[PDB]
Every structure is written in C-alpha cells, then in structure tokens.
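Following: one structure in structure tokens, then a few remarks.
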Amino acid sequence: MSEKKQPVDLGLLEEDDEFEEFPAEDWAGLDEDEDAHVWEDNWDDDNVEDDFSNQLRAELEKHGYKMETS
Amino acid sequence: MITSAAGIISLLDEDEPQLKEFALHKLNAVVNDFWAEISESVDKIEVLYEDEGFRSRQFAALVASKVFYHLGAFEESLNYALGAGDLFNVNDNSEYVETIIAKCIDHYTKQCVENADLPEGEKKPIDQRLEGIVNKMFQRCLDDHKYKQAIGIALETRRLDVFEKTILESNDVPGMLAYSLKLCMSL
Amino acid sequence: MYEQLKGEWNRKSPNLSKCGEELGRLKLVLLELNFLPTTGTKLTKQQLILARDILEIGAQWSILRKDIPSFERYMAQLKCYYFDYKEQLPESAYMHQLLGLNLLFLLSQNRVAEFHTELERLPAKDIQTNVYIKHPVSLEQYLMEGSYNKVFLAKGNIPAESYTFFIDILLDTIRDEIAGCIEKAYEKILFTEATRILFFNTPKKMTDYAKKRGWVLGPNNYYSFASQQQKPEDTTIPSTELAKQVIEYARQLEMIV
Amino acid sequence: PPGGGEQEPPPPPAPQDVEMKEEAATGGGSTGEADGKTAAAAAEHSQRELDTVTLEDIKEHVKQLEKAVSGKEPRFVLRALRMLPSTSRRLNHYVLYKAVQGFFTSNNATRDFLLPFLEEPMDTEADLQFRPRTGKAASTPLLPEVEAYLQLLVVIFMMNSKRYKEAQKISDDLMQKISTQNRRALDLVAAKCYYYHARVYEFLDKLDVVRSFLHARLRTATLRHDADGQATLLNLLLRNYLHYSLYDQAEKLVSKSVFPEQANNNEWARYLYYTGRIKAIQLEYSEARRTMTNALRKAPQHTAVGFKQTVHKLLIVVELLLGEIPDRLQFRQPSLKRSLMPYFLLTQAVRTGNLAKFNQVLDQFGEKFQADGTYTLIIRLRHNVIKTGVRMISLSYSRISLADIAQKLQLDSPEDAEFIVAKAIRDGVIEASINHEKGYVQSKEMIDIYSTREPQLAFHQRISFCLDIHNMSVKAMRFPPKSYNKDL
Amino acid sequence: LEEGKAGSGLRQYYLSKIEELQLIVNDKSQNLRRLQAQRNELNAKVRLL
C-alpha cells in the first residue's frame, strides 16, 4: 500500500514550514568540515566533543599545572 | 454497544443468575464484535455449564460454542453445540449457523464412515437430537431435492433407509437410478 | 425518577448492614433499567449519571468494607459509563478520585503494568493544578525509583483528605515486596542497615518472616544460604539431547531427500 | 498570454499515452492470462498491481488540469459491453469512440456527472460472464483519481463513493465466495480502499459501524485462508487500536495465532512496527529491541528514508532507556538527521546523567517529543536517568565513596546510596556481591562473558537456533527452485 | 432454502481450496518429476558412457 507515508511526508513539509533552511545551513557549518568523512567514526567523535563541550575541553595543557599539585 | 467493558465479566462471575440472563442476552449482541472479551469468562461459563444449577443449558452452550471456534478448534465448539440439548433455531444466512452445521454434517458423516466398516460390536453412542437437526436440514434440502445432491448426501451418510424416502417423489426414475449408480461407481 | 434517594445518599452511616439492603434494593430497581449505556432519546443521561453516582458511592462502601471482588466489579461496571461514545456526558469531580482508587487497586494487586499502559488517558489536561491528580503517578514513579524514604518523608504532605488510610493500606500491601526484596540477601548483610530499612521495634517482621522464609538466625545477624551453591550437570544428559538434536538435523537435512 | 496560450495544449495530455498503455497491458494481460484457467494462476499479477499502486502514489499528474481536462472521467472501459458474442463491431467501436473526441472538441465537466456510475453494473459489467473481476479491474483503478484531493467539500462525494462501493460489493458481497485470484486480489484491494477512506474516517467523526462489522466480515473469511487478507484487515484494526486502547487484558495473547506464511516485503515491516509500538509501552529490553531493530533493517524496497524515520525515533528513544544509546551510523539520509536534531542533544545528554540542569533544559527547547502528548515516556525518563546512571555505576568500579562519587552523582547520603544500589541489584540486569565488614559495600561486579565457563550450556541455544535459521534458509534455497521447475 | 446455493456452495469452494492444496501437490509433483527426469537423464548419460 505505502499510502500511509503521505501524512508523514506532510508532517515533514510542516517541519519545513516551521523554519526556512535555517537548520540546513546552521548544521552545514559543521557538515562542510564533516563532509567526505565516515559517519561511523563521527559518533564517538561527536560524543567526546559534546562531552567536553561544557568543561575541560582541552585539559592537556592543564596537566603540566597538575603535575606539582597532584 | 459495549466493547472493552469488563462489567459483563463481573456479572458472569456473579451469583443470582436472574440478572445474569439479560446480561448474557446483551452479551450475545456484542459477542460478534469482540470474542476476545469472553475469553476470560470461558472457564466460568464452562463451570456454570457443568452443574445443573442453571435452568438453561443452551444459553451457555451457544456462547461457549461460538467463542470456541473463535478461539480454539471446532471440535470443542461442536461438543457443546451438539451437547446444547433442545435448541430452536430458524434458517439464517449468517456465517455462524452455516459453519457449525457444516462441521456438524462433516463430523457426522465422518463418524458414519468410521462406523461403516464396523457393522457389529463396540457401537458408538449416537444422540437423537443430532439425527434430528441433521435430518431437518436434510429434509429441507430434500423438499424438491433440486435433482442433484439428494442421492449424494443419501450415499455419504452411509445409512440404510435414508435413500428409500428420497425415491418416493422424483422425476425420471430410471435416470435417477442411473445417475445414482454412476455416482456410486466413481467413489 | 422512582424516588428521592438523596436522603440516605449524602448521609454517612457507619453501619453497612442497612447499606447492604439498600444496595440490593438499588440492584432490584436498576435491574430493568438497562445497566448498559443507551443512546436512546438522549434524555436517559440523568438516570445514567445518577446510577453512576450511586454506584460510585456504592464502590466507596465496597472499598470501605474491603471487598476485593466487589470493588473491581463496580469499577468494571462504572468503566462502562466512564468510556462512552458520546462526549456530552459531564466530568464528575469524584471521577478522577475513584479512578485514583482504581490506580491504587492496580498498584496493590501488582497490576501496575496495566497501570503503566493506563498512564495515557489520565493526563486529559482537565485540571492538572491539583496535587491529588499528580499524586499517584509520582508515587508510582517513586516506586520505580524504589526509594521508600521519600514516601515516608512526604507522608506528612498529604492533606486532610481521608484516603491517607488507604495509602497506609498501600504501604501495608507493598511492605512484603519491599522487605522481600531487601531481605533477598544474595550473599549477606549486616544488622546496622536492617535497623534503618526495617520498621520500628514492633516484632511483626522478625516474627512473620521467620515462619515465612524459614531461615537460620545467628548472633544478631542474618545468614543467607543456597546462594550459587548449585552443582552443574554431569554433561551426560545434554550430550544425549544434543545427539537427539543431531538426529533432528539428519531429519531436516534429509527427509524428502 | 499569447505564448502560454500557444504552448498550452501540449503539456496536459502527457500521461495519457503511457496510462492507457498501462491499463491495457495490465488488464488485457491479466484477463487474457487467467481467461483459460482462473483457478490455476495465483497472485502472479499481484506484485505488479501493488508496484503500480506504489508507483502511482507519487503522481504529479493533476495540477493545472482542473480546467476541462476532466473529460476522461465520464468515459470508461467499455470492453465488449451488452453482448458476449460478436465483438468485432465493438473492436471497431474501440477506435470509433476514441476518434469521436478527436475531431474538434468535446463537452466536459467535473462535479456535474458523478453518481450514476452504477448504471452498467445494474445489468452487465462487461461480458455478463467475468463481471466481478472485470468490474473491479474497471472501477477500482480509476476511483482514487476521482476521489483525489480529499479537501474542498469532496467529503460528501467520498461518502457517496463509500455507500456505492458497499452496495455494489462491500456491503456483503456479490456472491457467497469467489474463491479465485480476483478474490485474493480483492482482499488487498478492499484493504487498500479501507486505508484510503481511513483518513476520512479519522478526519471528523468516529467509528460506530464499519470496522466493528469488519470482524464479522473477517470471520465470514474461512480459517483455511492463508490469512494474508486477514492480516491486512488486522493491520487497519490494530492501527485503529494504536492511538487509544490501554486495555491489554485481551487482544494481547488472544490475538496470537498459528501465524501462517506471509511476506509481501511490506506487511512484515509495518506490522512489526505496529506491534513494536504496542509492545514499547512496557519497555521490553529483550524481544522488542532486537525485533524492532531488525524491522528497521528490513523493507529496503521502497523508502527507508521517510518511513523508517519514525520507527528509528522510537528505536533510539527506547534504546536510551537502557543507558546505552547507539546513534545513526551506516544510514545516510537528509531526513532522520533533521528529525533527530532536537533530540540529539538530550539523547547525547542521557549518558551524562545530570538531573538538575537537564530537567530545565528538556522543557526549555522541548517541542515535538513533548507534543507526543501526556508526557509519559519522558516523565518515566526523568527518573530513569538515575537508574541508567546507577547502571553506569554498576558498569563502573566497586568501591563507593561517601564524598567523591556522591558528589559526582549529585546525591550524598549513606542510606539512599546503598538502598538505590540494592534496588539496582534486585533488578537482575547486573551482577553484584553484597558484603558488609567495615561498613563499606563492595561488589564482585564481574561482567566477564561465558568464555571458558560452562561453554556447552552457554552457546547451546545459540547453536540450535542459528542452525534452525540456516536450515529454514536451506528450505529457502530448496522450495523456490522447485517453484522454478514447476512449469518446466 | 438458502443451503445448496449457500452451504453446499461454500463447501464446493472449500473443495476449490482443496484443489489449490492439490495444485501445490500437483506442481510439487511436477518439479519433483522434472528433477527426477533430469537425474534420470544424467544417469542415462553415464549409462551411455
């Protein structure tokens, strides 16, 4: 039948009616650098990137200061 | 009317059956809509069917038989259907009646075949009401006989005196006997 | 229609002896009144909602006398009036309350799965500003958390409303589950935690559970046995059933051949 | 205006040729096939039919055609009508009636002539012999074209179409049982029609009649059926039970049956999606997970982009409940990405397990998942965060600090720590050894697999099951070659 | 009446479904006997050898 895909597609059209090409470009900012790259490895990459997005993003330079204190 | 209502289950599990009667009567209306709702009440229906406490066995036997072929095998349904005792049902185009009498006839002639090779000894008990409800529709189809299935069912039932009343009123007797023998030689 | 019925309705009678005869009388009257929902003439909504009310308070007396089959009976009968084709029926104020009592029953009978699948209809956004509405779902959420401490600390938060005793009944019927789970003892435990988790000095648990679980008691400590002490098989039987499986493989590979 | 006027005639009758050729090839092919033996051939043209339907679903055909292009609606099949023999004059008439409209112009309309479509079936559909199959192959293909554009007061006309369809066939039937290929097709066709006016049903009013009688219409089908049509009719009922049911005491475990052989390369996927959605409410970690994931890995045929996105959303939603949430990796499409964009931040925030901040964060930008309604799986998730968190603790080390890890989990207290830990132990989803010596609670917490520990009893069921699958796969490489060698 | 054109009808159609099962038996026998004729052809071939 497959005719049940119509209201879903209309729903997608509504989602496109919400904002016009905003998330497309906003996420294209990242995707242009993420283009041509395997999306399998990008899972752990985005995981760690979002995990360290809050605090201790680098922390590699802090180790030297943590040598004498720890 | 009701669909997911569990009230009739509690009413079926309830004593003083006088209020259970019309509840079951209304249950017979929605039983075609949903047969899954009676599934939990099946056991209790069987319980009240076993004992002689309730005055009407056919009321429970009908519900049981109709919910059984909806749930399980046609055999268990046919047991209470033929064990419903005295039952008055007019001819209808509904699926239920034609199917249960279909299985009734099929199992009947099945038992006839099983008892065909055993002329004497270890004879299985046969109820009279079965012969009655079979011969009722049998005669109903034997009115004008429609000049086709009369001798067919007469032969398939494997009964001795059944085809003697079939040849009482008929057209072209030699043709009927020729067709009969032609049907008998091919089986 | 038949009579007032409002006289003994609002009146609270401690004795249910007369309430039983009144109930039977109500059954005799409602007998020919067609309990099942009827859309005929549409003017029957008055006697339908009246019957709904008297069956609601009848369910109140039913849960007052602590009758398990009767409660679910009247709840199943009222569920007919609760779920109907016509939405013209006005929402009662005690509807969500008695439904809450139904949630209490489902929680007490370990039917809480059916409660989880019932969680969809209750947020109808009818009121939502009442704490009593969000009470059962939050209590069951705390049940999913498993913490009995939050419930005990929030036990004093319950208003002057009279179902607090029924909440105590809920705690009473879940206490065997809580204590049963905490006393499982896969290995062993120390009494200092038992003092905190278990109830007060009243020797109900140390008495009942002693004759229930049937375990051994040491020097003020709970000992656990039959834990991972199970001896494995001799490998002979599974080899035989594996041989049977090989036979089945011979069948399935070659049967039709 | 002059340019568009001169260029006006060529575009509209573009599909006409290939459509006429399509209906001629399909109709003439099928009829010309099963004419000799109808009962022999079974569902040979079925896949072709469903393929043509799925192909004609996306049709861009009618756009500017709303004006006087509707002249194709009054005309119809007209193959060998009113008489069985002497079809030569009608073979001439086939060219004639097409030539009539091809002279100068023709009188056309839209909403004028509609209802009297039942004139021919009152006497003879086509040949007075093959009427049911020729009749359905006549009416049913052109009906969705006329019933297209559901909006703009076509609802009443759609109701007329309903009662007409019923009265001519669906009400009960033209005869007791057809017992042929046209019936086997009639199942999925009538089902497709049910899905077609399902939207009209759910649009404004509710169901007091049709699908309730569809049970009696279902059992009217005998139990000797392959239950393909029965299952298709079960799908619409299950979909009608999808939004609001809440009673699991019956149809769950009652609706279970022998489950005969059905593939269709569709119904498996959509029905597994349905029962998966139904079984996702009790949060099944074992069955529902793998079977819905497999269902997601299935149905490559048409579109996994716009269909499987929903079951994927549900998939990851019920996946993050276990504490371990896999993201989108192998499948690359510009749909599921945008669909998961608002949910990505929070589903990534699941593993972190921060109650205080994310409690406000969710409700802050939350739109769609809170538009799912009645805040159910999310009000479960809010306090599921601490359970997945303590599960992450179960995957973490043994020794529990009264300060460090208590601050890390943002919960500091002696009692509730060991209490909630014990509540994680009683679940049976993990392994821990409860011991009290100095007042500290340790654990063995061994996650080690079955390697070199009771190996036989370990992979026994795996070997049996996998060998069963490979063996039915052997059957799958057995029977179809026989289906190849049947005619030769 | 409503039997011979109803009950006997659905009985004959049940017999048609029986004809479908026996059609499965039929073409199974067909492809089995074709494979049989193939193996017999190869056996006759090595017999010629």
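Convention: chains lettered A, B, ... in structure tokens order; per-chain residue numbering from 1; ligands numbered from 1 as shown.
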Q: Do me a favour and pick out the residues of chain E within 12 Å of chain C, using only C-alpha atoms, as JSON, numbers by chain.
A: {"E": [28, 32, 36]}
Pull N, CA and C atoms from the residues just selected and write them as a CSV table (one decimal), in the first residue's frame.
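Written out: selection.csv:
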chain,number,residue,atom,x,y,z
E,28,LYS,N,4.3,-29.5,-7.2
E,28,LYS,CA,5.4,-30.1,-6.5
E,28,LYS,C,5.8,-31.4,-7.1
E,32,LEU,N,9.3,-32.1,-9.0
E,32,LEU,CA,10.0,-33.3,-8.5
E,32,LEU,C,10.2,-34.3,-9.6
E,36,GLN,N,13.5,-35.4,-11.3
E,36,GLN,CA,13.6,-36.9,-11.5
E,36,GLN,C,14.1,-37.2,-12.9
Q. Hey, what's within 12 Å of stretch 52-68 of chain A if we count only C-alpha atoms and toss same-chain stuff fewer than 5 positions away? As a PyMOL selection string, please?
A. (chain A and resi 45-47) or (chain D and resi 345+348-349+352)
(Q) List as a ChimeraX atom specification the protein and nucleic acid residues near residue A:12, meaning an atom at most 10 Å away when only C-alpha atoms are counted, but skip any in the same chain fewer than 5 places from it. (A) /A:6-7,17-18 /D:306,335,338-339
Dump as a short mmCIF file (atom, residue, chain, number, x, y, z; two decimals), in the first residue's frame, selection limited to N, CA and C atoms:
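Written out: again15.cif:
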data_model
loop_
_atom_site.label_atom_id
_atom_site.label_comp_id
_atom_site.auth_asym_id
_atom_site.auth_seq_id
_atom_site.Cartn_x
_atom_site.Cartn_y
_atom_site.Cartn_z
N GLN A 6 2.03 9.33 3.24
CA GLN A 6 1.58 10.66 2.86
C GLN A 6 1.43 11.64 4.04
N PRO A 7 0.73 11.25 5.12
CA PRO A 7 0.62 12.22 6.22
C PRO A 7 1.96 12.47 6.91
N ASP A 17 8.02 23.96 7.07
CA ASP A 17 7.26 25.20 7.11
C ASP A 17 7.53 25.98 8.38
N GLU A 18 8.03 25.29 9.40
CA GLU A 18 8.43 25.94 10.65
C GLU A 18 9.48 27.01 10.40
N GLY D 306 11.69 8.09 4.51
CA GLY D 306 10.54 8.80 5.04
C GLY D 306 9.62 7.95 5.89
N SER D 335 16.98 13.22 6.27
CA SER D 335 15.66 13.22 6.89
C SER D 335 15.76 12.92 8.38
N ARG D 338 17.63 15.62 10.47
CA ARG D 338 16.84 16.78 10.87
C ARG D 338 15.76 16.40 11.88
N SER D 339 15.26 15.17 11.77
CA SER D 339 14.24 14.69 12.69
C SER D 339 14.82 14.46 14.08
#
Closest pair table for chain A residues within 7 Å of chain D, only C-alpha atoms, as CSV:
residue,atom,partner,partner_atom,distance
A:1,CA,D:192,CA,6.3
A:2,CA,D:54,CA,6.3
A:3,CA,D:57,CA,7.0
A:5,CA,D:307,CA,6.3
A:9,CA,D:306,CA,6.8
A:39,CA,D:329,CA,5.6
A:40,CA,D:329,CA,4.7
A:43,CA,D:327,CA,6.8
Residues of chain C that have any atom at most 9 Å from an atom of chain D: could you tabulate them with the shortest-distance atom pair and the distance in Å to one decimal, using only C-alpha atoms, ordered by chain and increasing number, as JSON lines?
{"residue": "C:85", "atom": "CA", "partner": "D:208", "partner_atom": "CA", "distance": 8.3}
{"residue": "C:113", "atom": "CA", "partner": "D:282", "partner_atom": "CA", "distance": 6.9}
{"residue": "C:114", "atom": "CA", "partner": "D:248", "partner_atom": "CA", "distance": 7.1}
{"residue": "C:115", "atom": "CA", "partner": "D:246", "partner_atom": "CA", "distance": 8.9}
{"residue": "C:116", "atom": "CA", "partner": "D:282", "partner_atom": "CA", "distance": 7.1}
{"residue": "C:117", "atom": "CA", "partner": "D:246", "partner_atom": "CA", "distance": 5.4}
{"residue": "C:118", "atom": "CA", "partner": "D:246", "partner_atom": "CA", "distance": 5.3}
{"residue": "C:119", "atom": "CA", "partner": "D:376", "partner_atom": "CA", "distance": 6.9}
{"residue": "C:120", "atom": "CA", "partner": "D:374", "partner_atom": "CA", "distance": 6.2}
{"residue": "C:121", "atom": "CA", "partner": "D:374", "partner_atom": "CA", "distance": 7.9}
{"residue": "C:122", "atom": "CA", "partner": "D:374", "partner_atom": "CA", "distance": 8.1}
{"residue": "C:123", "atom": "CA", "partner": "D:374", "partner_atom": "CA", "distance": 5.4}
{"residue": "C:124", "atom": "CA", "partner": "D:374", "partner_atom": "CA", "distance": 7.6}
{"residue": "C:125", "atom": "CA", "partner": "D:374", "partner_atom": "CA", "distance": 8.4}
{"residue": "C:141", "atom": "CA", "partner": "D:380", "partner_atom": "CA", "distance": 7.2}
{"residue": "C:142", "atom": "CA", "partner": "D:383", "partner_atom": "CA", "distance": 8.4}
{"residue": "C:144", "atom": "CA", "partner": "D:383", "partner_atom": "CA", "distance": 8.2}
{"residue": "C:145", "atom": "CA", "partner": "D:383", "partner_atom": "CA", "distance": 7.0}
{"residue": "C:146", "atom": "CA", "partner": "D:423", "partner_atom": "CA", "distance": 6.3}
{"residue": "C:147", "atom": "CA", "partner": "D:420", "partner_atom": "CA", "distance": 6.8}
{"residue": "C:149", "atom": "CA", "partner": "D:416", "partner_atom": "CA", "distance": 7.9}
{"residue": "C:181", "atom": "CA", "partner": "D:426", "partner_atom": "CA", "distance": 6.7}
{"residue": "C:182", "atom": "CA", "partner": "D:422", "partner_atom": "CA", "distance": 7.3}
{"residue": "C:184", "atom": "CA", "partner": "D:426", "partner_atom": "CA", "distance": 8.2}
{"residue": "C:185", "atom": "CA", "partner": "D:434", "partner_atom": "CA", "distance": 7.5}
{"residue": "C:186", "atom": "CA", "partner": "D:434", "partner_atom": "CA", "distance": 6.8}
{"residue": "C:187", "atom": "CA", "partner": "D:434", "partner_atom": "CA", "distance": 5.6}
{"residue": "C:188", "atom": "CA", "partner": "D:435", "partner_atom": "CA", "distance": 6.0}
{"residue": "C:189", "atom": "CA", "partner": "D:436", "partner_atom": "CA", "distance": 5.9}
{"residue": "C:190", "atom": "CA", "partner": "D:436", "partner_atom": "CA", "distance": 5.9}
{"residue": "C:192", "atom": "CA", "partner": "D:439", "partner_atom": "CA", "distance": 8.7}
{"residue": "C:193", "atom": "CA", "partner": "D:415", "partner_atom": "CA", "distance": 7.9}
{"residue": "C:196", "atom": "CA", "partner": "D:415", "partner_atom": "CA", "distance": 7.9}
{"residue": "C:197", "atom": "CA", "partner": "D:415", "partner_atom": "CA", "distance": 8.5}
{"residue": "C:232", "atom": "CA", "partner": "D:454", "partner_atom": "CA", "distance": 8.8}
{"residue": "C:235", "atom": "CA", "partner": "D:456", "partner_atom": "CA", "distance": 8.7}
{"residue": "C:238", "atom": "CA", "partner": "D:457", "partner_atom": "CA", "distance": 8.0}
{"residue": "C:242", "atom": "CA", "partner": "D:460", "partner_atom": "CA", "distance": 8.7}
{"residue": "C:245", "atom": "CA", "partner": "D:464", "partner_atom": "CA", "distance": 8.0}
{"residue": "C:249", "atom": "CA", "partner": "D:471", "partner_atom": "CA", "distance": 8.6}
{"residue": "C:252", "atom": "CA", "partner": "D:471", "partner_atom": "CA", "distance": 7.4}
{"residue": "C:253", "atom": "CA", "partner": "D:471", "partner_atom": "CA", "distance": 7.4}
Enumerate, in order of chain and increasing residue number, the residues of chain D with an atom no farther than 8 Å from chain B, each with its shortest atom pair and distance in Å to one decimal, counting only C-alpha atoms, as a Markdown table.
| residue | atom | partner | partner_atom | distance |
| --- | --- | --- | --- | --- |
| D:212 | CA | B:33 | CA | 5.9 |
| D:213 | CA | B:33 | CA | 6.8 |
| D:215 | CA | B:33 | CA | 6.3 |
| D:216 | CA | B:32 | CA | 6.4 |
| D:219 | CA | B:95 | CA | 7.7 |
| D:220 | CA | B:95 | CA | 5.4 |
| D:247 | CA | B:4 | CA | 7.5 |
| D:250 | CA | B:36 | CA | 5.6 |
| D:251 | CA | B:36 | CA | 6.4 |
| D:254 | CA | B:36 | CA | 6.3 |
| D:255 | CA | B:36 | CA | 8.0 |
**Q.** atom CA of residue D:100 to atom CA of residue D:24, distance in Å rounded to a single decimal
**A.** 19.7 Å
Q. Hey, can you check how far atom CA of residue D:333 sits from atom CA of residue D:312?
A.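 Computing the Euclidean distance for atom CA of residue D:333 and atom CA of residue D:312 yields 12.6 Å.
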With chain D as the partner and 8 Å as the cut-off, tabulate the residues of chain E that qualify, each row holding the nearest pair of atoms and their distance in Å to one decimal, using only C-alpha atoms, sorted by chain and rising number, as a tab-separated table.
residue	atom	partner	partner_atom	distance
E:6	CA	D:176	CA	6.6
E:9	CA	D:176	CA	7.5
E:10	CA	D:177	CA	6.6
E:13	CA	D:179	CA	6.0
E:16	CA	D:179	CA	7.0
E:17	CA	D:179	CA	7.4
E:20	CA	D:39	CA	8.0
E:23	CA	D:40	CA	7.8
E:27	CA	D:486	CA	5.1
E:28	CA	D:486	CA	6.6
E:30	CA	D:486	CA	5.4
E:31	CA	D:486	CA	4.3
E:32	CA	D:482	CA	7.3
E:34	CA	D:485	CA	7.0
E:35	CA	D:485	CA	7.8
Please save C-alpha atoms of the selected residues as a PDB file, in the first residue's frame.
ATOM      1  CA  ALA E   6     -25.014 -21.260   0.247  1.00  0.00           C
ATOM      2  CA  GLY E   9     -21.655 -23.568  -2.364  1.00  0.00           C
ATOM      3  CA  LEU E  10     -19.076 -22.731   0.295  1.00  0.00           C
ATOM      4  CA  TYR E  13     -15.458 -23.532  -2.752  1.00  0.00           C
ATOM      5  CA  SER E  16     -11.746 -25.451  -4.608  1.00  0.00           C
ATOM      6  CA  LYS E  17      -9.288 -24.556  -1.852  1.00  0.00           C
ATOM      7  CA  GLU E  20      -5.462 -25.352  -4.509  1.00  0.00           C
ATOM      8  CA  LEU E  23      -2.426 -27.838  -7.016  1.00  0.00           C
ATOM      9  CA  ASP E  27       3.277 -28.656  -9.239  1.00  0.00           C
ATOM     10  CA  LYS E  28       5.425 -30.102  -6.455  1.00  0.00           C
ATOM     11  CA  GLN E  30       5.751 -31.642 -11.447  1.00  0.00           C
ATOM     12  CA  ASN E  31       9.079 -30.126 -10.419  1.00  0.00           C
ATOM     13  CA  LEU E  32       9.992 -33.265  -8.471  1.00  0.00           C
ATOM     14  CA  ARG E  34      11.256 -32.901 -13.700  1.00  0.00           C
ATOM     15  CA  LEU E  35      14.245 -33.134 -11.372  1.00  0.00           C
TER      16      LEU E  35
END
